[PDB]
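Line by line, the protein sequences are chains R and U.
In short: position in the first sequence from 1, add 819, done, that's my numbering.
In short: position in the second sequence from 1, add 7, done, that's my numbering.
For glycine and all other residues, C-beta sits at the position ideal for the given N, C-alpha and C.
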Amino acid sequence: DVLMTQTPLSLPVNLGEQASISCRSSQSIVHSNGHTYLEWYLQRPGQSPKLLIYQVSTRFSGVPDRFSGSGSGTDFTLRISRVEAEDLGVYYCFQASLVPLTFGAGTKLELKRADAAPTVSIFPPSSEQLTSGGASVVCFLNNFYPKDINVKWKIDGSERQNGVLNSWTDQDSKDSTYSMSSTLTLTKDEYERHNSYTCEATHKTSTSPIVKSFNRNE
Amino acid sequence: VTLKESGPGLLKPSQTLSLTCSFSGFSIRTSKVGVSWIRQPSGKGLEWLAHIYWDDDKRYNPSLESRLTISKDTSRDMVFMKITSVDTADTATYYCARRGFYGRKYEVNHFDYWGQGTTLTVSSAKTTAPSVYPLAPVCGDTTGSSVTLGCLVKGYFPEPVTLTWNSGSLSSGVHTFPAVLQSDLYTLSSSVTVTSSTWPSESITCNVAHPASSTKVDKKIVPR
């Protein structure tokens, strides 16, 4: 079945500038009736998808004239001539020429801003959680930009990849940065069998990782 | 034109999902529009499921076909979807989408109207109140001009919880992170960042309400 490959997956833009998004199909999506059912949808935060463009290049009624689509065969592009705040969201291309109908992975159109280093904070399990026999170590990585970041947990100096719940906010309304929370959950017995706990963040704003650590005994 | 999805909200694994899409402002019969069901797993993209045409012809996503049944009741202006033996991977927003077209050009068709969606959460959990834990800094990290505190809201079901700081009086410098479902329960966290001279000199308390369990707890953040 048809793979729809969108490029890029993240598109930072300045307001008032043009945006363009590419969608490539794995095979021709010209239908047997000769129509090409290539559509573009926008999904804003907390909203359902809305149709922008159909049959490659027809703008759907009520869509601003800033939006346009082009392409043929397996190569398609959506253009936004001048991005406005209300255009930010996730754009999906979609083919409905062959079953199963298939979407692209989505392109997040976001507001470009200056690089910002994360403020990283590590939190031992609370006394109260330890009375329960679970123990969670929490690391917040706040107000960073760009969104690209890696977080690593180290227990007694060795990387730990199981026990982990990460969650992220969207671009902030005051400063256009992102934030992230990572929670590493162990049993109380396992927490107390180990001694150093480290959250390490890798981000383009520093050649070296940001390391926040504590020793359980201290 | 409006589309409205309804569903159970929550199911246990192995149960049958029954969805309904109710249409208005136009007639399924007269318009001869097709209707699809589309879903979106939390923080993931869109997946097409099934389509039904005006004459009851049906198409399915091959990977879920054995578990899917699409139908309709043209007299009630409703389309239905059933999915048997749901499990964790079926937790998603389910959308109804009309495949409309202009006037007479039935070949020039597209998903012009979408419902608001109905959310499905699959869990074996009973209603469970959260454990709310105050997160004070490590016995050291109150040098520098600012201090960051947190609150961990762990092991609840179902959504939502309401979290505030100082009953909402502390609202700037807050990040409250989306809940994540893991092992049948939800966990959420929030951070608040203040000046180093604000805390611990002043009281900062996490307030967590869980409507489903009728619970409201406060957790003061205290120095370790």
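Worksheet item: the ligand ZN heavy atoms versus the CB of residue 150/U: any closer than 6 Å?
Response: This structure lacks the ligand ZN, and indeed carries no ligand of any kind.
Discussion item. Which residue wins for smallest C-alpha separation from residue 197/U, given the options 219/U, 172/U, 94/U, 203/U?
Written reply: The residue given as residue 197/U occupies position 190 in the second sequence. The shortest C-alpha separation from residue 197/U is found at 172/U.
Worksheet item: Which of the residues in the region 834 to 858 of chain R, read from start to end, lie with their CB under 7 Å from any CB of chain U?
Response: 852, 854, 858
Worksheet item: Should residue 57/U go down as buried or exposed, given a rule of 16 or more other Cβ atoms within 10 Å for buried?
Response: Here residue 57/U corresponds to residue number 50 of the second sequence, with the count starting at 1. When all chains shown are included, residue 57/U counts as buried.
Worksheet item: Name the chain U residues whose beta carbon is nearer than 8 Å to that of residue 879/R?
Response: Taking the first residue of the first sequence as 1, we reach residue 879/R at position 60. Correct list: 117, 119.
Practice prompt. Kindly indicate which residue of 176/U, 77/U, 33/U, 34/U has the alpha-carbon position closest to the one of residue 26/U.
Written response: Your numbering for residue 26/U matches position 19 in the second sequence. Residue 26/U has its Cα closest to that of 77/U, out of 176/U, 77/U, 33/U, 34/U.
Worksheet item: Nearest to residue 14/U by alpha carbon, out of 206/U, 109/U, 122/U?
Response: Position 7 of the second sequence, counted from the first residue, corresponds to residue 14/U. It is 122/U.
Fill in: residue 958/R - partner residues in DSSP beta bridges
Position 139 of the first sequence, counted from the first residue, corresponds to residue 958/R. 941/R, 1001/R, per the DSSP bridge assignment.
Practice prompt. Throw me the rounded Cβ distance for the residue 1003/R and residue 955/R pair, which I believe falls under 8 Å.
Written response: In the first sequence, residue 1003/R corresponds to position 184, counting from 1. In the first sequence, residue 955/R corresponds to position 136, counting from 1. About 7 Å; that satisfies the 8 Å criterion.
Item to complete: Could you tell me which chain U residues have their CB closer than 8 Å to the CB of residue 1002/R, listed as they occur along the chain?
Response: Taking the first residue of the first sequence as 1, we reach residue 1002/R at position 183. Under the 8 Å cutoff, chain U gives 159, 194, 196.
Practice prompt. Compare the C-beta of residue 182/U against all C-beta atoms of chain R and say whether one is closer than 7 Å.
Written response: In the second sequence, residue 182/U corresponds to position 175, counting from 1. For residue 182/U, the answer is yes, since a Cβ of chain R falls inside 7 Å of its Cβ.
Discussion item. DSSP three-state label for residue 218/U, please.
Written reply: Numbered from its first residue, the second sequence carries residue 218/U at position 211. The answer is helix: DSSP assigns residue 218/U an H, G or I state.
Item to complete: Select from 105/U, 157/U, 90/U the residue whose C-alpha is nearest the C-alpha of residue 98/U.
Response: Locating residue 98/U in the second sequence gives position 91, where the first residue counts as 1. Among 105/U, 157/U, 90/U, the Cα nearest to that of residue 98/U belongs to 90/U.
Fill in: Contacts around residue 985/R, its chain only, beta-carbon distance under 6 Å, and the 5 residues preceding and following it disregarded
Reading the first sequence from its first residue, position 166 is the one you call residue 985/R. Same-chain partners within the cutoff: 1001.
Fill in: Contacts that residue 938/R makes with chain U (C-beta to C-beta distance below 9 Å)
Taking the first sequence and counting its residues from 1, one reaches residue 938/R at position 119. Result: 153, 155, 200.
Practice prompt. Determine the direct distance from the alpha carbon of residue 990/R to that of residue 939/R, and round the result to whole angstroms.
Written response: Residue numbering aside, residue 939/R sits at position 120 when the first sequence is read from its first letter. Residue numbering aside, residue 990/R sits at position 171 when the first sequence is read from its first letter. Computed Cα separation, rounded: 17 Å.
Item to complete: Determine the closest residue to residue 996/R out of 968/R, 1026/R, 917/R, 869/R, with distance taken between C-alpha atoms.
Response: Taking the first sequence and counting its residues from 1, the one referred to as residue 996/R is at position 177. Checked all of 968/R, 1026/R, 917/R, 869/R; the closest Cα to residue 996/R is 968/R.
Worksheet item: Going along the chain, which unbroken runs of the beta strand (DSSP E) with 3 or more residues stay wholly within the region 100 to 148 of chain U?
Response: For the region 100 to 148 of chain U, whole beta strand (DSSP E) runs of length 3 or above, ordered along the chain, are 116 to 121, 125 to 129, 138 to 142.
Fill in: Short Cβ contact (7 Å threshold) for residue 163/U with residue 948/R
Within the second sequence, the letter at position 156 stands for residue 163/U. Within the first sequence, the letter at position 129 stands for residue 948/R. Against a cut-off of 7 Å, the Cβ pair of residue 948/R and residue 163/U comes out as no contact.
Worksheet item: So what does DSSP say about residue 166/U, is it helix, strand or coil?
Response: In the second sequence, residue 166/U corresponds to position 159, counting from 1. In the structure shown, residue 166/U sits in coil (DSSP, three-state: anything other than H, G, I, E or B).
Discussion item. Distance check for residue 856/R and residue 1028/R, CA to CA, integer angstroms please.
Written reply: Counting from one through the first sequence, the residue named residue 1028/R turns up at place 209. Counting from one through the first sequence, the residue named residue 856/R turns up at place 37. Rounded to the nearest angstrom, the two C-alpha atoms are 47 Å apart.
Practice prompt. Consult DSSP for residue 991/R and reduce its assignment to one of helix, strand or coil.
Written response: Working through the first sequence from its first residue, we reach residue 991/R at position 172. Reduced to three states, the DSSP call for residue 991/R is coil.
Practice prompt. Look at the alpha carbon of residue 30/U and the alpha carbon of residue 36/U, and state the distance between them as a whole number of angstroms.
Written response: The residue labelled residue 30/U in the question sits at position 23 within the second sequence. The residue labelled residue 36/U in the question sits at position 29 within the second sequence. So the alpha carbons of these two residues sit roughly 11 Å apart.
Practice prompt. Could you tell me which of 119/U, 167/U, 63/U, 114/U sits nearest to residue 880/R, measuring between CA atoms?
Written response: As a first step, residue 880/R is located in the first sequence; it is residue number 61 there, counting from the start. Residue 119/U is the option with its Cα nearest to residue 880/R.
Worksheet entry | Proximal residues of chain R, C-beta to C-beta of residue 189/U below 7 Å | For this step, residue 189/U is matched to residue 182 along the second sequence. What residue 189/U touches in chain R: 984.
Worksheet item: Between which two residues does the alpha helix (DSSP H) containing residue 37/U stretch?
Response: Stepping through the second sequence from its first residue, residue 37/U is reached at position 30. Residue 37/U -> alpha helix (DSSP H) spans 35 to 38.
Item to complete: State yes or no: is the beta carbon of residue 990/R nearer than 7 Å to at least one beta carbon in chain U?
Response: Locating residue 990/R in the first sequence gives position 171, where the first residue counts as 1. Not an interface residue.
Worksheet entry | Cutoff 7 Å; reference residue 906/R; Cβ partners in own chain excluding five residues on either side | Here the question's residue 906/R lines up with position 87 in the first sequence. Same-chain partners within the cutoff: 899, 928.
Fill in: chain R residues whose Cβ lies nearer than 7 Å to that of residue 146/U
Along the second sequence, read from residue 1 onward, the residue named residue 146/U stands at position 139. The answer, in chain order, is 1037.
Discussion item. Please identify the residue among 1014/R, 942/R, 843/R, 950/R whose C-alpha is closest to the C-alpha of residue 146/U.
Written reply: Locating residue 146/U in the second sequence gives position 139, counting from the first residue. Closest option to residue 146/U, Cα to Cα, is 942/R.
Worksheet item: Using the rule of at least 16 other Cβ atoms within 10 Å of the residue's Cβ for burial, across every protein chain shown, is residue 10/U buried or exposed?
Response: In the second sequence, residue 10/U corresponds to position 3, counting from 1. Buried, since its Cβ has 16 or more Cβ neighbours within 10 Å.
Fill in: CA-to-CA distance, residue 194/U to residue 184/U, given in whole angstroms
As a working mapping, residue 184/U is identified with position 177 in the second sequence. As a working mapping, residue 194/U is identified with position 187 in the second sequence. Rounded to the nearest angstrom, the two C-alpha atoms are 10 Å apart.
Fill in: Own chain partners of residue 207/U with C-beta closer than 6 Å, once the 5 adjacent residues on each side are dropped
Taking the first residue of the second sequence as position 1, residue 207/U is located at position 200. Here the set comprises 230.
Worksheet item: alpha helix (DSSP H) containing residue 946/R: first to last residue?
Response: Counting from 1 along the first sequence, the entry for residue 946/R is found at position 127. Counting along the chain, the alpha helix (DSSP H) containing residue 946/R begins and ends at 946 to 949.
Worksheet item: Looking at residue 20/U and residue 129/U, is the spacing between their C-beta atoms short of 7 Å?
Response: In the second sequence, counting from the first residue as 1, residue 129/U sits at position 122. In the second sequence, counting from the first residue as 1, residue 20/U sits at position 13. Yes, the pair counts as a contact, with Cβ atoms nearer than the cut-off.
Discussion item. Please report whether the beta-carbon of residue 949/R lies at a distance below 7 Å from any beta-carbon of chain U.
Written reply: Here the question's residue 949/R lines up with position 130 in the first sequence. By this cut-off, residue 949/R is not an interface position.
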